[PDB]
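Have a look at coords-v4.cif; it's mmCIF, C-alpha atoms and all ligand atoms:
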data_data
loop_
_atom_site.label_atom_id
_atom_site.label_comp_id
_atom_site.auth_asym_id
_atom_site.auth_seq_id
_atom_site.Cartn_x
_atom_site.Cartn_y
_atom_site.Cartn_z
CA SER C 1 89.51 95.09 64.84
CA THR C 2 86.90 96.25 67.32
CA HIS C 3 84.77 99.33 66.70
CA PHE C 4 82.55 100.56 69.55
CA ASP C 5 79.40 102.70 69.59
CA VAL C 6 80.98 105.02 72.16
CA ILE C 7 84.49 105.43 73.59
CA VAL C 8 84.95 107.12 76.97
CA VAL C 9 88.42 108.51 77.66
CA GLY C 10 89.00 108.75 81.41
CA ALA C 11 86.85 106.40 83.46
CA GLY C 12 86.72 108.33 86.72
CA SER C 13 83.86 110.15 88.44
CA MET C 14 82.18 111.39 85.22
CA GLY C 15 83.34 108.78 82.75
CA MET C 16 82.37 105.67 84.71
CA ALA C 17 78.92 107.18 85.41
CA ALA C 18 78.53 107.82 81.68
CA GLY C 19 79.74 104.28 80.95
CA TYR C 20 77.04 102.87 83.22
CA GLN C 21 74.29 105.00 81.65
CA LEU C 22 75.37 103.93 78.16
CA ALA C 23 75.83 100.23 78.96
CA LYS C 24 72.47 100.21 80.68
CA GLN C 25 70.95 101.14 77.31
CA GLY C 26 72.67 98.44 75.30
CA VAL C 27 75.19 100.88 73.80
CA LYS C 28 78.49 99.08 73.05
CA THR C 29 80.93 101.09 75.11
CA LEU C 30 84.68 101.09 75.66
CA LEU C 31 86.09 103.00 78.66
CA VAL C 32 89.82 103.74 78.67
CA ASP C 33 91.72 104.82 81.78
CA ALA C 34 95.34 105.70 82.52
CA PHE C 35 95.06 103.75 85.81
CA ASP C 36 92.52 101.29 87.32
CA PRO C 37 89.44 103.10 88.76
CA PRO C 38 88.76 103.75 91.51
CA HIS C 39 92.33 104.84 92.24
CA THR C 40 94.34 107.43 94.13
CA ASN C 41 95.90 109.36 91.25
CA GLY C 42 92.91 111.42 90.15
CA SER C 43 90.21 113.43 91.89
CA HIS C 44 87.91 110.80 93.44
CA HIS C 45 89.70 109.17 96.36
CA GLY C 46 89.82 110.05 100.03
CA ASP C 47 86.80 107.77 100.61
CA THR C 48 84.09 110.37 101.12
CA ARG C 49 82.39 113.23 99.32
CA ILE C 50 79.77 115.71 100.40
CA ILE C 51 76.52 116.08 98.45
CA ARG C 52 74.53 119.25 99.10
CA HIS C 53 71.28 120.38 97.49
CA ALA C 54 70.91 124.05 98.60
CA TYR C 55 73.93 125.18 96.57
CA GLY C 56 76.25 128.00 97.66
CA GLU C 57 78.09 128.08 94.31
CA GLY C 58 74.79 128.91 92.68
CA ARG C 59 71.11 128.08 92.94
CA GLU C 60 71.15 127.05 89.24
CA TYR C 61 72.81 123.75 90.24
CA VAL C 62 69.91 122.64 92.43
CA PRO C 63 67.97 120.63 89.80
CA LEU C 64 71.09 118.62 88.92
CA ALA C 65 71.88 118.10 92.60
CA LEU C 66 68.39 116.74 93.27
CA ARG C 67 68.45 114.49 90.20
CA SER C 68 71.87 113.17 91.28
CA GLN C 69 70.59 112.50 94.81
CA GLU C 70 67.76 110.33 93.34
CA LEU C 71 70.35 108.52 91.15
CA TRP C 72 72.55 107.86 94.20
CA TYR C 73 69.54 106.31 95.97
CA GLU C 74 69.03 104.16 92.83
CA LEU C 75 72.66 103.06 92.88
CA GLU C 76 72.41 102.11 96.57
CA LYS C 77 69.64 99.67 95.69
CA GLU C 78 71.52 98.09 92.81
CA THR C 79 74.87 97.25 94.44
CA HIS C 80 76.17 95.66 97.67
CA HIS C 81 78.69 98.52 98.01
CA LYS C 82 77.70 101.32 100.47
CA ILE C 83 76.81 104.46 98.53
CA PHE C 84 75.23 107.13 100.72
CA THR C 85 74.85 108.06 104.39
CA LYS C 86 72.42 110.87 105.26
CA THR C 87 74.60 112.84 107.67
CA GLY C 88 72.98 116.11 106.72
CA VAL C 89 75.24 119.06 105.79
CA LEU C 90 75.89 122.08 107.95
CA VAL C 91 76.87 125.39 106.34
CA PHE C 92 77.88 128.34 108.55
CA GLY C 93 79.79 131.61 108.48
CA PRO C 94 80.01 135.13 109.96
CA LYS C 95 76.59 136.79 109.64
CA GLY C 96 76.41 139.05 106.59
CA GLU C 97 79.96 138.20 105.56
CA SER C 98 79.64 135.10 103.42
CA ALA C 99 78.38 134.99 99.85
CA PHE C 100 78.54 131.18 100.13
CA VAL C 101 76.23 131.03 103.15
CA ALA C 102 73.97 133.70 101.62
CA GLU C 103 73.54 131.90 98.30
CA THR C 104 72.98 128.59 100.13
CA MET C 105 70.08 130.26 101.97
CA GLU C 106 68.70 131.79 98.77
CA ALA C 107 68.99 128.50 96.92
CA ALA C 108 67.04 126.75 99.69
CA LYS C 109 64.30 129.39 99.62
CA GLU C 110 64.09 129.50 95.84
CA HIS C 111 63.71 125.72 95.59
CA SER C 112 61.66 125.07 98.72
CA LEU C 113 64.35 122.90 100.24
CA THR C 114 63.94 121.63 103.83
CA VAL C 115 66.53 123.39 106.00
CA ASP C 116 67.00 124.67 109.56
CA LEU C 117 68.33 128.17 110.19
CA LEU C 118 70.27 128.80 113.38
CA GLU C 119 72.85 131.17 114.78
CA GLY C 120 75.39 131.71 117.50
CA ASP C 121 75.16 129.50 120.55
CA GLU C 122 72.26 127.54 119.00
CA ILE C 123 74.89 125.98 116.73
CA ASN C 124 77.19 125.02 119.60
CA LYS C 125 74.23 123.68 121.61
CA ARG C 126 72.78 121.60 118.80
CA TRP C 127 76.11 119.96 117.92
CA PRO C 128 78.40 119.57 120.94
CA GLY C 129 81.92 119.75 119.50
CA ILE C 130 81.36 122.90 117.41
CA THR C 131 82.47 126.22 118.85
CA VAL C 132 81.58 129.22 116.68
CA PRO C 133 81.53 132.90 117.69
CA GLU C 134 78.07 134.34 118.50
CA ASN C 135 77.96 136.45 115.31
CA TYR C 136 77.96 133.33 113.12
CA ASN C 137 74.79 132.02 111.51
CA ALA C 138 74.07 128.78 109.74
CA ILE C 139 71.81 126.78 107.50
CA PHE C 140 71.57 123.00 108.07
CA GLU C 141 70.27 120.67 105.35
CA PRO C 142 69.09 117.42 107.00
CA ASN C 143 68.54 115.39 103.85
CA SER C 144 71.92 116.10 102.26
CA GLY C 145 74.79 113.81 103.07
CA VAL C 146 77.92 111.85 102.34
CA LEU C 147 78.74 109.72 99.31
CA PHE C 148 81.36 106.96 99.41
CA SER C 149 83.04 108.02 96.15
CA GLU C 150 85.34 105.06 95.55
CA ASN C 151 82.38 102.71 96.13
CA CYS C 152 80.28 104.69 93.61
CA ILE C 153 82.89 104.36 90.90
CA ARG C 154 83.44 100.67 91.74
CA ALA C 155 79.68 100.02 91.65
CA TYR C 156 79.15 101.87 88.38
CA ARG C 157 82.05 99.91 86.88
CA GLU C 158 80.84 96.48 88.01
CA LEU C 159 77.33 97.23 86.75
CA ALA C 160 78.49 98.64 83.41
CA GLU C 161 80.82 95.67 82.84
CA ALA C 162 78.08 93.19 83.77
CA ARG C 163 76.17 94.78 80.88
CA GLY C 164 78.94 94.45 78.30
CA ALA C 165 80.98 97.65 78.73
CA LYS C 166 84.71 97.06 78.35
CA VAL C 167 87.24 98.85 80.54
CA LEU C 168 90.84 99.10 79.28
CA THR C 169 92.99 99.98 82.29
CA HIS C 170 96.54 101.34 82.66
CA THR C 171 96.27 102.74 79.18
CA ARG C 172 96.94 106.40 78.65
CA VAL C 173 95.27 107.96 75.61
CA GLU C 174 97.87 110.19 73.92
CA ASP C 175 96.10 111.56 70.85
CA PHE C 176 92.76 111.82 69.04
CA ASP C 177 91.69 111.62 65.39
CA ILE C 178 88.21 113.06 64.86
CA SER C 179 86.33 112.86 61.58
CA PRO C 180 82.75 113.94 60.72
CA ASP C 181 81.44 110.40 61.10
CA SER C 182 83.79 108.72 63.57
CA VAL C 183 86.35 109.11 66.32
CA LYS C 184 89.63 107.35 67.04
CA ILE C 185 91.98 107.27 70.04
CA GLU C 186 95.68 106.39 70.10
CA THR C 187 97.37 104.61 73.02
CA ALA C 188 100.57 102.60 73.46
CA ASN C 189 98.40 99.48 73.73
CA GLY C 190 96.66 100.24 70.44
CA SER C 191 94.16 102.48 68.65
CA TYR C 192 90.30 102.27 68.78
CA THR C 193 87.39 103.77 66.82
CA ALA C 194 83.74 104.57 67.54
CA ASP C 195 80.86 106.78 66.40
CA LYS C 196 81.03 109.00 69.49
CA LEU C 197 83.62 110.16 72.02
CA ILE C 198 83.25 111.34 75.59
CA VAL C 199 86.29 113.09 77.08
CA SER C 200 86.54 113.17 80.85
CA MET C 201 90.24 113.10 81.77
CA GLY C 202 89.98 115.10 84.98
CA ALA C 203 93.14 117.11 85.78
CA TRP C 204 94.67 115.80 82.57
CA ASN C 205 92.07 117.78 80.59
CA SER C 206 94.40 120.74 81.36
CA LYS C 207 97.18 119.04 79.33
CA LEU C 208 95.47 116.98 76.62
CA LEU C 209 92.46 118.96 75.36
CA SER C 210 94.96 120.72 73.07
CA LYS C 211 95.00 117.41 71.15
CA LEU C 212 91.38 118.23 70.29
CA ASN C 213 92.31 121.73 69.06
CA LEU C 214 90.87 123.27 72.23
CA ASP C 215 92.49 126.04 74.27
CA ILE C 216 90.68 126.48 77.60
CA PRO C 217 92.18 127.90 80.75
CA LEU C 218 92.25 124.99 83.20
CA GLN C 219 94.32 124.99 86.39
CA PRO C 220 95.03 121.87 88.46
CA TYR C 221 95.42 122.37 92.23
CA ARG C 222 96.93 120.11 94.89
CA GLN C 223 94.31 119.71 97.62
CA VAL C 224 94.95 117.66 100.74
CA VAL C 225 92.70 116.21 103.40
CA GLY C 226 93.45 114.82 106.83
CA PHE C 227 91.73 112.39 109.23
CA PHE C 228 92.11 113.24 112.94
CA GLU C 229 91.55 111.23 116.14
CA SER C 230 88.47 112.86 117.65
CA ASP C 231 86.10 112.79 120.63
CA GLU C 232 83.74 110.10 119.27
CA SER C 233 80.99 111.06 121.72
CA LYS C 234 80.78 114.30 119.70
CA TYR C 235 82.10 113.87 116.15
CA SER C 236 80.85 110.43 115.24
CA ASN C 237 78.28 109.97 112.49
CA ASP C 238 76.62 107.75 115.11
CA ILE C 239 75.76 110.75 117.31
CA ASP C 240 74.69 112.74 114.22
CA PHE C 241 77.66 115.04 113.76
CA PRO C 242 77.08 116.39 110.22
CA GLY C 243 79.18 116.82 107.12
CA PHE C 244 79.96 120.54 106.62
CA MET C 245 81.32 123.24 104.33
CA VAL C 246 81.87 126.56 106.04
CA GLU C 247 83.26 130.00 105.45
CA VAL C 248 85.57 131.78 107.89
CA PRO C 249 87.64 134.96 107.41
CA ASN C 250 90.58 133.10 105.86
CA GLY C 251 88.58 130.83 103.57
CA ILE C 252 86.30 127.84 103.11
CA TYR C 253 86.75 124.52 104.93
CA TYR C 254 84.81 121.26 104.75
CA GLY C 255 84.67 118.07 106.71
CA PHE C 256 83.00 114.80 107.56
CA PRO C 257 81.96 113.14 110.82
CA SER C 258 84.05 110.20 111.99
CA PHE C 259 82.67 107.01 110.41
CA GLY C 260 83.30 103.83 112.43
CA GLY C 261 86.01 105.62 114.40
CA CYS C 262 88.25 106.50 111.47
CA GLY C 263 88.31 110.14 112.63
CA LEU C 264 86.89 113.50 111.57
CA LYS C 265 88.09 114.36 108.07
CA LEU C 266 88.95 117.98 107.19
CA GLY C 267 89.99 119.87 104.05
CA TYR C 268 90.85 123.50 103.23
CA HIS C 269 88.92 124.40 100.05
CA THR C 270 90.05 127.85 98.87
CA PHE C 271 93.79 127.23 98.99
CA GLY C 272 95.93 124.69 97.16
CA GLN C 273 99.26 124.54 95.29
CA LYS C 274 99.11 125.06 91.53
CA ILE C 275 100.56 121.86 90.05
CA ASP C 276 100.85 119.70 86.94
CA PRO C 277 99.08 116.29 87.19
CA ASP C 278 102.19 114.44 86.10
CA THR C 279 104.62 116.07 88.58
CA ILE C 280 102.42 116.64 91.66
CA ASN C 281 103.79 115.35 94.97
CA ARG C 282 101.10 112.98 96.25
CA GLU C 283 102.57 112.58 99.72
CA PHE C 284 100.63 114.27 102.53
CA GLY C 285 102.81 116.34 104.83
CA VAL C 286 105.62 117.41 102.50
CA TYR C 287 104.48 121.05 102.70
CA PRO C 288 104.06 122.35 106.26
CA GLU C 289 100.70 123.90 105.30
CA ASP C 290 99.18 120.45 104.67
CA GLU C 291 98.64 119.72 108.36
CA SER C 292 98.94 123.23 109.84
CA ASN C 293 96.11 124.90 107.86
CA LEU C 294 93.84 122.13 109.07
CA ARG C 295 94.73 122.30 112.78
CA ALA C 296 94.39 126.09 112.61
CA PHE C 297 90.72 125.53 111.77
CA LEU C 298 90.17 122.67 114.27
CA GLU C 299 91.67 124.24 117.38
CA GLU C 300 89.37 127.21 116.82
CA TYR C 301 86.06 125.65 115.68
CA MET C 302 86.12 121.91 116.51
CA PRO C 303 88.71 121.59 119.32
CA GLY C 304 87.69 118.07 120.30
CA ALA C 305 88.61 116.81 116.82
CA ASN C 306 92.21 118.08 116.90
CA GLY C 307 93.98 114.86 117.91
CA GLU C 308 96.61 112.65 116.32
CA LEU C 309 96.73 112.70 112.52
CA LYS C 310 95.56 109.21 111.57
CA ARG C 311 95.74 109.56 107.82
CA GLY C 312 96.30 112.00 104.99
CA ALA C 313 95.51 112.06 101.25
CA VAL C 314 96.50 114.29 98.33
CA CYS C 315 94.03 114.89 95.54
CA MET C 316 93.35 117.40 92.73
CA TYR C 317 90.79 120.10 91.77
CA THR C 318 90.78 121.33 88.12
CA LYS C 319 89.50 124.89 88.02
CA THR C 320 87.96 126.93 85.23
CA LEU C 321 88.10 130.77 85.45
CA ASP C 322 84.53 131.14 86.71
CA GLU C 323 84.65 127.85 88.64
CA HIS C 324 81.64 126.40 86.83
CA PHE C 325 81.85 123.12 84.91
CA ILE C 326 82.25 122.46 81.22
CA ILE C 327 79.76 119.92 79.91
CA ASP C 328 79.04 120.35 76.22
CA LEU C 329 79.70 119.13 72.69
CA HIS C 330 83.08 119.99 71.18
CA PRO C 331 82.36 123.24 69.28
CA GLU C 332 83.76 121.77 66.03
CA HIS C 333 82.62 118.15 66.44
CA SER C 334 79.09 117.18 67.44
CA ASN C 335 80.32 113.61 67.85
CA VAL C 336 82.66 114.58 70.72
CA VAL C 337 81.44 115.34 74.25
CA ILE C 338 83.57 117.27 76.76
CA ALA C 339 83.31 117.02 80.61
CA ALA C 340 85.92 119.14 82.40
CA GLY C 341 86.83 121.80 84.93
CA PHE C 342 84.75 120.52 87.81
CA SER C 343 86.62 122.98 90.00
CA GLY C 344 86.59 121.04 93.25
CA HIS C 345 82.87 120.47 93.49
CA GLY C 346 81.69 117.99 90.89
CA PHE C 347 81.56 114.54 92.44
CA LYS C 348 78.08 114.91 93.95
CA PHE C 349 76.80 115.58 90.41
CA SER C 350 78.68 112.70 88.77
CA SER C 351 75.61 110.42 88.68
CA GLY C 352 73.57 113.20 87.10
CA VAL C 353 76.43 114.11 84.74
CA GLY C 354 76.77 110.50 83.59
CA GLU C 355 73.20 110.77 82.41
CA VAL C 356 73.82 114.12 80.65
CA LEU C 357 76.96 112.84 78.88
CA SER C 358 75.01 109.80 77.76
CA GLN C 359 72.29 111.90 76.19
CA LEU C 360 74.82 114.23 74.59
CA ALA C 361 76.76 111.34 73.01
CA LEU C 362 73.65 109.53 71.76
CA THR C 363 71.45 112.44 70.65
CA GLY C 364 73.61 115.55 70.67
CA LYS C 365 71.13 117.02 73.17
CA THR C 366 70.11 116.60 76.80
CA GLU C 367 66.81 117.06 78.62
CA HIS C 368 68.80 118.89 81.34
CA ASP C 369 69.38 122.66 81.13
CA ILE C 370 73.16 122.77 80.92
CA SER C 371 73.59 126.26 79.51
CA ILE C 372 75.58 127.44 82.55
CA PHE C 373 78.20 124.80 81.59
CA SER C 374 78.55 125.91 77.98
CA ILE C 375 81.98 125.54 76.42
CA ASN C 376 81.26 128.77 74.49
CA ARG C 377 80.50 131.02 77.48
CA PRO C 378 82.64 134.19 77.58
CA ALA C 379 83.78 133.89 81.21
CA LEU C 380 85.41 130.59 80.30
CA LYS C 381 87.80 132.24 77.80
CA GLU C 382 87.69 129.23 75.44
CA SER C 383 89.20 129.19 71.95
CA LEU C 384 90.50 126.89 69.20
CA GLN C 385 94.21 126.48 68.39
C1 LIG R 1 90.24 116.40 95.31
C2 LIG R 1 89.06 116.69 96.05
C3 LIG R 1 87.94 116.84 95.27
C4 LIG R 1 86.67 116.95 95.88
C5 LIG R 1 86.57 116.85 97.32
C6 LIG R 1 87.76 116.72 98.12
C7 LIG R 1 89.01 116.65 97.50
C8 LIG R 1 90.26 116.53 98.35
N1 LIG R 1 85.37 116.85 97.99
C9 LIG R 1 84.26 116.95 97.16
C10 LIG R 1 83.04 116.86 97.83
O1 LIG R 1 82.92 116.68 99.06
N2 LIG R 1 81.87 116.98 97.00
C11 LIG R 1 81.86 117.16 95.61
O2 LIG R 1 80.82 117.24 94.98
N3 LIG R 1 83.09 117.21 95.03
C12 LIG R 1 84.21 117.11 95.76
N4 LIG R 1 85.46 117.11 95.11
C13 LIG R 1 85.49 117.34 93.59
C14 LIG R 1 85.23 116.04 92.83
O3 LIG R 1 85.96 114.92 93.48
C15 LIG R 1 85.84 116.30 91.43
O4 LIG R 1 85.20 117.39 90.81
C16 LIG R 1 85.58 114.91 90.54
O5 LIG R 1 86.11 113.78 91.09
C17 LIG R 1 85.96 115.29 89.15
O6 LIG R 1 85.74 114.05 88.37
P1 LIG R 1 86.43 113.71 86.96
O7 LIG R 1 85.79 112.53 86.46
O8 LIG R 1 86.63 114.96 86.23
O9 LIG R 1 88.00 113.37 87.48
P2 LIG R 1 88.56 111.86 87.93
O10 LIG R 1 87.59 111.26 88.82
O11 LIG R 1 89.94 112.24 88.36
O12 LIG R 1 88.62 111.09 86.59
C18 LIG R 1 89.50 111.38 85.46
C19 LIG R 1 90.01 110.06 85.01
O13 LIG R 1 90.59 110.12 83.69
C20 LIG R 1 91.81 109.43 83.64
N5 LIG R 1 92.76 109.85 82.66
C21 LIG R 1 93.50 110.99 82.69
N6 LIG R 1 94.22 111.17 81.63
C22 LIG R 1 93.96 110.08 80.85
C23 LIG R 1 94.41 109.65 79.57
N7 LIG R 1 95.30 110.37 78.85
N8 LIG R 1 93.94 108.48 79.04
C24 LIG R 1 93.05 107.74 79.76
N9 LIG R 1 92.56 108.08 81.01
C25 LIG R 1 93.07 109.27 81.48
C26 LIG R 1 92.31 109.25 85.11
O14 LIG R 1 93.14 108.11 85.39
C27 LIG R 1 91.05 109.40 85.94
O15 LIG R 1 90.63 108.11 86.38
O1 LIG R 2 81.51 120.45 96.64
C1 LIG R 2 81.56 120.12 97.83
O2 LIG R 2 80.54 119.89 98.52
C2 LIG R 2 82.87 120.01 98.40
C3 LIG R 2 83.33 119.67 99.64
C4 LIG R 2 84.70 119.73 99.57
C5 LIG R 2 85.08 120.12 98.29
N1 LIG R 2 83.96 120.27 97.62
CL CL R 3 87.65 118.93 90.20
#
Kindly return the structure encoded in the file as structure tokens.
Ligand SMILES: *Cc1cc2c(cc1C)nc1c(=O)[nH]c(=O)nc-1n2C[C@H](O)[C@H](O)[C@H](O)COP(=O)(O)OP(=O)(O)OC[C@H]1O[C@@H](n2cnc3c(N)ncnc32)[C@H](O)[C@@H]1O
Ligand SMILES: O=C([O-])c1ccc[nH]1
Ligand SMILES: [Cl-]
Amino acid sequence: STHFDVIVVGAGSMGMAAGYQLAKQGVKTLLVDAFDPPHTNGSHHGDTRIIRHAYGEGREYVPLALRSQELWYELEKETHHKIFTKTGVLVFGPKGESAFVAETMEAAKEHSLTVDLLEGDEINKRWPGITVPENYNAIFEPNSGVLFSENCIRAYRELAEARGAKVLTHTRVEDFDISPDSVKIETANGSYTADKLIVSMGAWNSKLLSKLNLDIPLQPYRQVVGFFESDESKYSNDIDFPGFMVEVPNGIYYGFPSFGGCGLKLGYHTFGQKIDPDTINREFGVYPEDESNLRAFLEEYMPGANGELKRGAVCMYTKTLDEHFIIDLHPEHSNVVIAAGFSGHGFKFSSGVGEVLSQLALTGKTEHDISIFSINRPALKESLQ
């Protein structure tokens, strides 16, 4: 017997941010999650996340990146949890052979972002611990950094709840009933209604959007990360080793400086196992590629950070065909908002997206230009059942 103004299904990176934005405005919100956020079953754990402004995936993301950065600084001031460390982000690759590096440079120029350009030995000299061939070039963004993702979700949740938002945990939504003037969700712990619905189930969007009569190609990928004992005099955040995302012949890698001695963290971005979110093996090390693809990068580019494996994590990316997000109203229901297919690069925008989802649910519009994330774009290959 409890109607809500807005129901958020999936209270992770996007959902909890939306919950906070709504609660902050006095909107009676209910957030439902299959687990208890922040947790290690979705796409937001592993402690840290990179936030970049000059965007290699496309200069069109810059405005949202900058707005999210300001929102992260706001969050830092509101909670006792640590939110952001300004490590700076280094992007490098073989000269003339990296669309990622090239677009990062164009994005910086187009938006007048503050960056340093360097190449070859200048890279190795500036950051002892990095060994790149002389034909490599780079763009460093000093004001970009590292977000503590689990802390962000925890902070958004504590703040939203302090303002009246309710979070129903360990409750998996199994079906939806949408009408022109209301929405309803069904779970084993009961059913709930509201005027608006925000759907942000992460990897599970690939399995349950069909319950909303949507048919969108979405592929979940198993993506691991490892923490390695490193030479702290070189790879510690304390001596300014940066976060980084780089392109080499066999793909894109990313990493973080060692924070408080927990070790340099590394991940292989362009390769992962296609999986189903309910059958994925969440144990690091079960596939030999988990650790080997990482050491293959370290022994070659960051040899002093190739020590004992201290920790591993298994997480998921949910890719769309063009690797751009889906943030829009359900094409048949203006009272339903969809947030999906973040394709391995959405956390840094979660604060900004929470704001967009909020506007979409309350007004059916957003002040942000979100056309590139349209659910009706052709490259997406979307359709109704
Ligand atoms: C996995 C990964 C991702 C990643 C990254 C490194 C790894 C190993 N590094 C990143 C980085 O440095 N910078 C960045 O900007 N992004 C990075 N990413 C990607 C980012 O983490 C993902 O894009 C982001 O987390 C996506 O967020 P979203 O909110 O979509 O996903 P979630 O946080 O997993 O939340 C979904 C929640 O919904 C719940 N759920 C699922 N099904 C149900 C049902 N049926 N009912 C109720 N709740 C449901 C989940 O439990 C989850 O909490
Ligand atoms: O989007 C990013 O910055 C990122 C780093 C690792 C995966 N995604
Ligand atoms: Cl993702």
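The two atoms in question, atom CA of residue 203 of chain C and atom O4 of ligand LIG 1 (chain R), are spaced 9.4 Å apart.
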task = Taking all atoms listed in the file into account, report as a list in words which residues have an atom no farther than 9 Å from an atom of ligand CL 3 (chain R).
result = residues 43, 44, 202, 203, 220, 221, 316, 317, 318, 319, 325, 340, 341, 342, 343, 344, 345, 346 and 347 of chain C
message = Around ligand LIG 1 (chain R), out to 6 Å and counting all atoms listed in the file, which residues are there? I want them as a VMD selection string.
response = chain C and resid 9 to 15 32 to 35 37 42 to 44 49 to 51 171 to 174 200 to 202 204 223 to 225 315 to 317 340 342 to 348
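Distance check against ligand LIG 2 (chain R) using all atoms listed in the file: of C:144, C:187, C:2, C:306, the minimum falls on C:144.
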Would you kindly return, as a compact mmCIF listing (two decimals) with C-alpha atoms, in the coordinates of the input, each protein, DNA or RNA residue with an atom no farther than 12 Å from any atom of segment 114-124 of chain C, considering all atoms listed in the file and excluding same-chain residues fewer than 5 positions away?
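Writing done, so here's result_26.txt:
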# COMPACT_ATOMS: atom_id res chain seq x y z
CA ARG C 52 74.53 119.25 99.10
CA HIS C 53 71.28 120.38 97.49
CA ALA C 54 70.91 124.05 98.60
CA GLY C 88 72.98 116.11 106.72
CA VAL C 89 75.24 119.06 105.79
CA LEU C 90 75.89 122.08 107.95
CA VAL C 91 76.87 125.39 106.34
CA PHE C 92 77.88 128.34 108.55
CA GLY C 93 79.79 131.61 108.48
CA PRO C 94 80.01 135.13 109.96
CA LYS C 95 76.59 136.79 109.64
CA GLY C 96 76.41 139.05 106.59
CA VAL C 101 76.23 131.03 103.15
CA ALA C 102 73.97 133.70 101.62
CA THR C 104 72.98 128.59 100.13
CA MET C 105 70.08 130.26 101.97
CA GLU C 106 68.70 131.79 98.77
CA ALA C 107 68.99 128.50 96.92
CA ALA C 108 67.04 126.75 99.69
CA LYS C 109 64.30 129.39 99.62
CA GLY C 129 81.92 119.75 119.50
CA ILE C 130 81.36 122.90 117.41
CA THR C 131 82.47 126.22 118.85
CA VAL C 132 81.58 129.22 116.68
CA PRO C 133 81.53 132.90 117.69
CA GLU C 134 78.07 134.34 118.50
CA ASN C 135 77.96 136.45 115.31
CA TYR C 136 77.96 133.33 113.12
CA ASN C 137 74.79 132.02 111.51
CA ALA C 138 74.07 128.78 109.74
CA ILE C 139 71.81 126.78 107.50
CA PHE C 140 71.57 123.00 108.07
CA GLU C 141 70.27 120.67 105.35
CA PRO C 142 69.09 117.42 107.00
CA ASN C 143 68.54 115.39 103.85
CA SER C 144 71.92 116.10 102.26
CA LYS C 234 80.78 114.30 119.70
CA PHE C 241 77.66 115.04 113.76
CA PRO C 242 77.08 116.39 110.22
CA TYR C 301 86.06 125.65 115.68
CA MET C 302 86.12 121.91 116.51
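With only C-alpha atoms as the atoms that count, the minimum distance from residue 211 of chain C to the choices C:177, C:158, C:283, C:232 is reached by C:177.
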note = Correct to one decimal, the distance atom CA of residue 98 of chain C-atom CA of residue 219 of chain C is 24.7 Å
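Nearest to ligand LIG 2 (chain R) of all the residues C:99, C:361, C:65, C:159 is C:65, based on only C-alpha atoms and all ligand atoms.
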query = In Å, how far is it from atom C1 of ligand LIG 2 (chain R) to atom CA of residue 112 of chain C?
reply = 20.5 Å
Mind checking which residues fall within 10 Å of residue 380 of chain C, counting all atoms listed in the file, ignoring those fewer than 2 positions away in the same chain, and posting them as a CSV table (one decimal) with C-alpha atoms, in the coordinates of the input?
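Output saved as part.csv:
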chain,number,residue,atom,x,y,z
C,216,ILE,CA,90.7,126.5,77.6
C,217,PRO,CA,92.2,127.9,80.8
C,218,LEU,CA,92.2,125.0,83.2
C,320,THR,CA,88.0,126.9,85.2
C,321,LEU,CA,88.1,130.8,85.4
C,322,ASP,CA,84.5,131.1,86.7
C,323,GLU,CA,84.6,127.8,88.6
C,324,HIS,CA,81.6,126.4,86.8
C,325,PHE,CA,81.8,123.1,84.9
C,326,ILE,CA,82.2,122.5,81.2
C,373,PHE,CA,78.2,124.8,81.6
C,374,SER,CA,78.6,125.9,78.0
C,375,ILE,CA,82.0,125.5,76.4
C,376,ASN,CA,81.3,128.8,74.5
C,377,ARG,CA,80.5,131.0,77.5
C,378,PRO,CA,82.6,134.2,77.6
C,382,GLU,CA,87.7,129.2,75.4
C,383,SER,CA,89.2,129.2,72.0
